[PDB]
Amino acid sequence: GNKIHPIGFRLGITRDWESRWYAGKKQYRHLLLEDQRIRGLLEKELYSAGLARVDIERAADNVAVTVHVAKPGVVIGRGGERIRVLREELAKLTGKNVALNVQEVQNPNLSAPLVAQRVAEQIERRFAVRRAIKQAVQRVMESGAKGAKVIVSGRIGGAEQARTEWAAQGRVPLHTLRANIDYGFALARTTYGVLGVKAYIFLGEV
Amino acid sequence: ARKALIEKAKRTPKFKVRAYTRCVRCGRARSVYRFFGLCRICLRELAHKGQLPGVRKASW
Amino acid sequence: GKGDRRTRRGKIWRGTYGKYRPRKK
Amino acid sequence: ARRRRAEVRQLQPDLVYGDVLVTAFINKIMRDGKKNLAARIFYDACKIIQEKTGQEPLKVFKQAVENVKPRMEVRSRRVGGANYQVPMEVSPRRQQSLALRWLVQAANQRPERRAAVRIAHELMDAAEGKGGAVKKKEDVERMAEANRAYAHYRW
Amino acid sequence: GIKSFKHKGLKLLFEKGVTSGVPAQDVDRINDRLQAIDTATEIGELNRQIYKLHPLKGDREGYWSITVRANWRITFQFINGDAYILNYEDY
Amino acid sequence: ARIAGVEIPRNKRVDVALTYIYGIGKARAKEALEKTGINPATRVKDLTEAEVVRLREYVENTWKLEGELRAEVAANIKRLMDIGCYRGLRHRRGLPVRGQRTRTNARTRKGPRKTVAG
RNA sequence: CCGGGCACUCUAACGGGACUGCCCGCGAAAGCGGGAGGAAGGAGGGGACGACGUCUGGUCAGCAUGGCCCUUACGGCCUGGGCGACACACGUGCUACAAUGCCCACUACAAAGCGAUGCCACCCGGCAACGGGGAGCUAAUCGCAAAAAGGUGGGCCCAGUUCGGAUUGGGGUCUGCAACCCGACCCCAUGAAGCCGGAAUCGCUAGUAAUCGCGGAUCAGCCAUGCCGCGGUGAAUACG
RNA sequence: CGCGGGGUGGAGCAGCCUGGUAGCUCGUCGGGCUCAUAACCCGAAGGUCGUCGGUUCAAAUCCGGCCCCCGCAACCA
RNA sequence: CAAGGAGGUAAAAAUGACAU
Ligand SMILES: [Mg+2]
Ligand SMILES: [Mg+2]
Ligand SMILES: [Mg+2]
Ligand SMILES: [Mg+2]
Ligand SMILES: [Mg+2]
Ligand SMILES: [Mg+2]
Ligand SMILES: [Mg+2]
Ligand SMILES: [Mg+2]
Ligand SMILES: [Mg+2]
Ligand SMILES: [Mg+2]
Ligand SMILES: [Mg+2]
Ligand SMILES: [Mg+2]
Ligand SMILES: [Mg+2]
Ligand SMILES: [Mg+2]
Ligand SMILES: [Zn+2]
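Conventions and cut-offs
- Residues numbered from 1 in each chain as written, not as in the entry; some residues may be left out.
- Chains lettered and ligands numbered in written order.
- Part of a larger assembly, values for the part shown.
- Heavy atoms only, no water.
- UniProt positions renumbered as here; feature names shortened; annotations may be inferred.
- Salt bridge = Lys/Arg side-chain N within 4 Å of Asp/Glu carboxyl O.
- Helix = DSSP H or I, 4+ residues; strand = E, 2+ residues; numbered from the N terminus.
- Buried < 20%, exposed > 50% of the residue type's maximum accessible area, 1.4 Å probe, protein only.
- Near = heavy atom within 4 Å.
- Polar contact = N/O pair within 3.5 Å; in protein donor to acceptor, adjacent residues only side chain to side chain.
- Nonpolar A, V, L, I, M, F, W, Y, C, P; charged D, E, K, R; others polar.
- Pairing = 2+ DSSP bridges.
- Contact = heavy atoms within 4.5 Å.
- Axes fitted to C-alpha atoms, helices over the stretch in contact; angles between N-to-C directions.
- Domains from an automatic or database assignment.
- Buried area = accessible area lost by both parts, 1.4 Å probe.

Method-wise, the PDB entry is recorded as coming from X-ray crystallography, at a reported resolution of 3.1000 Å.

For chain E, the name recorded in the PDB entry is Killer protein, with Proteus vulgaris as its organism. What the PDB entry is called, per its title line, is "Precleavage 70S structure of the P. vulgaris HigB deltaH92 toxin bound to the ACA codon". The Subunit (literature references left out) comment attached to chain E in UniProt states, word for word, "Forms a complex with the antitoxin HigA which inhibits the mRNA interferase activity. The heterodimer dimerizes to form a HigB-(HigA)2-HigB tetramer that is able to bind to the DNA."

Per the PDB entry, chain A carries the name 30S ribosomal protein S3 and comes from Thermus thermophilus HB8. Of the comments in the UniProt record for chain A, the one headed Function reads "Binds the lower part of the 30S subunit head. Binds mRNA in the 70S ribosome, positioning it for translation." Entered under Sequence similarities in the UniProt record, the comment concerning chain A runs "Belongs to the universal ribosomal protein uS3 family."

If you want it as structure tokens, here you go:
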């Protein structure tokens, strides 16, 4: 097969970055490690929110962090916890301006990371994968999508024989640059191994 | 020898020449770029992710 | 004689300088 | 499968002469892409022609090429695991190329010491019809001569 | 008598009893086979049904191949009461 | 002119003719004729006998050369005879002295290939 | 270099620019051939981009991970050794066998990149590697760098030779806690094989092949002749 | 045991008579070709001449003694 | 213009591989 990451393939035109800060040497290395440890720490105790993105911006001790979520149900009104020390526990190895925002991803059926994550949950629920793929695609296609494509590969339904389940409706042109194609991926942990879920969501451009 | 080996890579005492680079995301000792502090493998992963500020595909 | 260490040409190829190739002027 | 008939490459005319031929000769002299040393050698040899003979090198060189031109050459062709050698005619393009190539090669075959004197002499010998290249030309025509049997296979 | 190894794991299992070069469940299996190839005074002794013995073809001519388990083979050259180049390899 | 142990080089530049002695090379060559004060580009063909005498007297003395220093060099290798080091054993086995690659190459000390086959 | 100016060159940011749109001819169309049109053309030249799938391909030694096994040890620390071993065989290369060549001196002309826990101008010691000083540079400012092939002058004169540089002795330098096993340079002396390659076998169709030097990554140093890039000069031929 | 012939690289054969050179095919070893094996192509190595003595400056060779191998002969009673 | 019915046919080149 061999195909390039549809995110990296854009980056410049279509699909901007995810960590937008500028530094020269002697700083880039340290600030990138911290940046990645933020992404690592957030992903853990915020998965129940199901986060589509983790945007990060900086400006000398400013560190802004925008968490996109389908349902920000785990924020609960100011002093109702789930934010207070939670956005303050970041500065236990940072000590800088931990400005943590929360975004409301409107339609989760149009967010590739969320789609793949919903599918990967279902694999671990011991669902029928082929039927799960079909539904998720139509579900994405039901919410106004111009094209969709989900891919689960390896060890399907347990059973000693790595497979690859494939389904895709509408239009998904990966080669085109003016594409606006959202890509998501998820690890499904099973008692019989590990399988990967790709999810492609496409909308118009020009 | 992998866990106790990514220990030494950060421990760095006893003679200055015994200290060496080591990917942080992984534990790779080879092809470790000083600029990112990452191996060539990890660097490619994150560059496609978009989590590498400014880092962009090279076409010319 | 790109491999002879006693020529301006071999000293180029090797990179290093010396008596058979002074550091200019 | 040569869909395009590969158009004939055209050159830049030289200095002082304007030849549409001499530059092609200088090119064959050229090794490693040093046209400076190549052109110099030819013009050097041109100065050498003036000495041993009171002739303008533009004709001495011209006639030499004309004398080292293969009228017909031998071509290995079809049927029998490519067993035959049909003697074919030579295109003006190919006579051109062979003349200059054989000249330079025969020129560097000579026992002389300087590249210029080899070129000059081989040209003077070839202008007369004596050069080692003329040997090569006459040799290639012998082969083409001895194969008139199945020449009617032609093509 | 086994006289030379090509596979390091095989070498260690027979010499020092080092089992960390072979599969853990094939330890006893590989052992009984190696001892058989060691005691064998002729290729005819390495002929028990459970070995599926046969000489290889092509560039591997001169070699033999008894079956350990599944697609796994112990290949060697038997000559004058001795086996040489004991290898453990894919089928 | 029988300068040191040799005489051979005739009509061929004294700075070059000198080279034809085990002990002279190229640096000691011009160094010897600038210190003796003789024109390097001379004929070597038995020129001014005086220049030849001075040259001979300086060159043949000063530093060790020819058969004498060959003996010293061979004796420096004989140093690692006795119960010598590792470097001696490399002179013993006939293998390269400076620890290089011997898996291939090293033909200049090993000699031409012998081919075992098996 | 200053005054001053920024039209040239350049720098980098958006644009304009051909779409065979226009002419002749062919055709039913698509299109093809040819011609002024211009820097450019009938996808202008190169990149990035790799369908459904195939190879039980590769990869548990980057990483994640099912299963098996090891736990005073198949884990952990250390000093030393080893990955560098050599009677041999193959691959990818580098350097050559020379005179369109070698050496020495002088003198020009690039691009693309890298550096203030470094690049290190200019002096001073030193045959030199390099050491002492020490200015400028968070760098289209200062430095790495003089590009090299080229040109001019001079010398060798075709002989294993001023070709060729292996191998080995001796003397040194630099990094490093330390370079015996195994570091790179420098200087003196040695100067080997090779005089152009059997059967076979490879690359490249225009800035191309060939040839010439330059930069970077990793990097204390370096076994780099490798890899990824940069430009200099610049062929031959394609009937089929 | 009576005559004749014969022992030479791994195999099969020359060379001996006209003493000073041991050569041929196959095989073996290296390298190619092929995905690979064969075929094929290039290039190598390899022989106390059965053995013990003698003659000779010199012995595979010429002369004796044994030692095997093969072939003829062994008739008249 | 447009073809049917007739006839001389490549070479020298063998083999198959390791659980269904
Ligand atoms: Mg490292
Ligand atoms: Mg070594
Ligand atoms: Mg495309
Ligand atoms: Mg496999
Ligand atoms: Mg693992
Ligand atoms: Mg290694
Ligand atoms: Mg020789
Ligand atoms: Mg010669
Ligand atoms: Mg092409
Ligand atoms: Mg062979
Ligand atoms: Mg074969
Ligand atoms: Mg009777
Ligand atoms: Mg009778
Ligand atoms: Mg058969
Ligand atoms: Zn890594």
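Additional details are given in the paragraphs that follow.
This paragraph deals with the pattern of salt bridges. This model, assessed by the stated rule, comprises 33 salt bridges over all chains. Salt-bridge contacts for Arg110(D) lead to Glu122(D); the nearest nitrogen and oxygen are separated by 3.0 Å. With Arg110(D) in the loop between α4 (92-109) and α5 (115-128) and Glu122(D) in helix α5, this residue pair connects regions lying 12 residues apart in the sequence. Look at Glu122(D) and you get buried, because its relative accessible area is 1%. With a shortest N-O distance of 3.7 Å, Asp82(E) and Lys3(E) are connected by a salt bridge. With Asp82(E) in strand β3 (residues 82-90) and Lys3(E) in the segment before α1 (8-15), this pair connects stretches of sequence that are 79 residues apart.

With that out of the way, let us pick up the protein's contact with RNA strand H. Around RNA strand H sit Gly58(E), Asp59(E), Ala117(F) and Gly118(F), and those are all the residues in its vicinity. Close to the protein, within 4 Å, the atoms of RNA strand H are drawn from sugar and phosphate at a rate of 100%. The contact in question runs from a sugar or linking oxygen of RNA strand H to an N or O atom on the side chain of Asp59(E), over 3.5 Å. When the residues that make up the surface near RNA strand H are grouped by side-chain class, the tally is 1 nonpolar, 2 polar and 1 charged.

All names here are of chain A. Strand order in this open sheet of 4 strands is β1-β2-β3-β4, and the pairing throughout is mixed. Looking at strand neighbours, the two that pair on one side only are β1 (19-20) and β4 (99-104), the edges of this open sheet. By the bridge criterion, 6 bridges tie strand β2 (residues 51-57) to strand β3 (residues 64-69) in an arrangement that is antiparallel. Bridge pairing in β3 links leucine 51 to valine 69. Across the sheet, helix α1 (residues 28-44) touches β1, β2, β3 and β4, and the angle it forms with β2 is around 150 degrees.

Residue and element names in this part refer to chain A. With antiparallel pairing, the 4 strands of this open sheet are ordered in space as β6-β5-β8-β7. Both outer strands of the open sheet, β6 (164-170) and β7 (181-190), are each paired with one neighbouring strand and no more. Each neighbouring strand pair of the sheet contributes to a mean axis angle of 10 degrees, computed without reference to strand direction. Of the strand pairs in this sheet, β7 and strand β8 (residues 193-202) are connected by 10 bridges, and their pairing is antiparallel. Counterpart to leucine 187 in the pairing with β8 is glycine 196. On top of the sheet, helix α2 (residues 112-124) reaches β5 (147-153), β7 and β8; it is set at about 20 degrees to β7, its chief contact. Most of the contacts of helix α3 (residues 129-142) go to β6, to which it runs at about 20 degrees, and overall it touches β5, β6 and β8.

Here we take up the domain arrangement of chain A. Residues and elements named next belong to chain A. Taken domain by domain, chain A comprises domain 1 (16-106) and domain 2 (107-206). The C-alpha centroid of domain 2 is placed 26 Å from the C-alpha centroid of domain 1. Facing 8 residues of domain 1, the contacting portion of domain 2 comprises 7 residues. Contact between domain 1 and domain 2 buries roughly 570 Å² in total, counting both sides, with carbon and sulfur atoms accounting for 60%. In this structure, the connection of domain 1 to domain 2 is made through 0 salt bridges. Scanning the region where domain 1 abuts domain 2 turns up 1 residue pair in polar contact. Of the residues belonging to the side of domain 1 that touches domain 2, the class tally is 5 nonpolar, 2 polar and 1 charged.

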